[PDB]
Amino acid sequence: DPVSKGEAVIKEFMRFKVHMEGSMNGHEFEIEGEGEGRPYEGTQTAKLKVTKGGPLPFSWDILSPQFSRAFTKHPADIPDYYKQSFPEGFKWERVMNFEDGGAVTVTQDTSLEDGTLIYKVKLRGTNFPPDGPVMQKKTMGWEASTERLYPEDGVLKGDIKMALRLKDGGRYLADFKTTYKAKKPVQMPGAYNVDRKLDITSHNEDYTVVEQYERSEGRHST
């Protein structure tokens, strides 16, 4: 039932709209955007615009992984927790923990209205050193990653070792922990991994208009 319901509502081509409200070291901001992709190929794009609190006094990179779980490719034998949750959708809650003490909490709602995916994001980041690479905008995107997911009482729990490139050639590390919760019962996968590359593909001078691309592919763990 849930797989069949999800398969019928998530098409080979899908659009989304996103709104984010957030704060970083007490600096309030808002983002609005739109995106599109191929949910079974695991590819997507989005165009985001800063609507309040711009130009952002912090790296765009903190925000980019918060803009789309319906767009992951799976092999034949791993059921899609996220696509099955439709039309009702799912929520998620994330903590990002950085090597220098920066900490972010993110909460997200995913719904479907008139055949368009709708994303609402709330973000709170604290404890970033004001002279650190995030607040100085000295990051240059996320390295490719592997999210390790496991099922737990009807939800998925994911862990990611993440790495932000530094302008000087360094790596700035973080750990992401996320809980993903469908709004109705779905057929649960076993534990599996999601390999991702997320790229900023274009931006205006002050990063108040930004385009991103993400490729995401599920696989078994060996």
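Heads up: residue numbers just count along the shown sequence, starting at 1.
The modelled chain breaks between residue 67 and residue 68, where 4 to 9 residues of the deposited sequence lack coordinates. On average the C-alpha atoms of 8-16 have higher B-factors than those of the other stretch, with 210-218 and 8-16 being the two compared.
Split the chain's modelled residues into thirds by C-alpha temperature factor. Residue 34 is in the highest one.
The PDB entry assigns residue 116 a C-alpha temperature factor belonging to the highest third of its chain's modelled residues. Placement of the Cα temperature factor of residue 187 within the chain: highest third of the modelled residues, per the deposited record. In this PDB entry, the Cα temperature factor of residue 87 sits in the top third of its chain's modelled residues, the highest group. In this PDB entry, residue 55 carries a Cα temperature factor that places it within the highest third of its chain's modelled residues.
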